[PDB]
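What follows is one chain in C-alpha cells, specifically the form solved without the named molecule.
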C-alpha cells in the first residue's frame, strides 16, 4: 500500500523460501550465495525441505553471543543449485530501535502476508520459551503460531526474523551485518 510494504515485498519475492523441518514450516530468509537464516527452534538437521525440494544441509550454526547466550538465529548453508540475491547491504551494523516496521510471512498456511507492526524496541533480554535470549526486538502486535521466521523490515533495512510472542507482543531476533562476513 506504501513504501514500507514496497520494500518488504521486494525482499519476500526474491529472498525467501518455504523451509520445512520436523518442527514445522517456516519463512526462511536467504541472505547471499546459498546462506539463509531460520529460528534456532526449527531444529535444522542434515536434510531440510526448501519449497518442497529435499535439500542437503552443508552447514548449520546456532549463533550465541560472546556471553554464550542464545541469539535464536541459525545460519544454514543449503546444497541448492541457485544463489540468493546478495542483500547484506540492507543489514544494520549495530543494535537499534526502529519506527514503522513490517513483518512479512510466506508459508502454505499464510501466503503473501504483510503486517504493519509499528514501532520496534531494542528489548534486549527475553526468557524465550524458558531459554535466556539476547538481542531481541519487540513490537506491539498479537503475532500467532505460523509467523516464526517472518522477516522484519523498515524502508531500506532488513532488521530481524520473528521468533515468538506472548499473545500481545511479538519478538524478533536481530540480524546484524557482522553475522554474514
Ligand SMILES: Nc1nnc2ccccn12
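Numbering follows the first chain given and starts at 1.
In what follows, reference is made to the form deposited with the named molecule bound, a form of this protein that is not presented.
When the named molecule is considered in the bound PDB entry, residue 148 lines it closely, a heavy atom lying within 4.5 Å. Shown alone here, residue 24 lies farther than 4.5 Å from the named molecule in the bound PDB entry, counting heavy atoms only. If you take 26-64 and check each residue for a heavy atom within 4.5 Å of the named molecule in the bound PDB entry, you get nothing at all.
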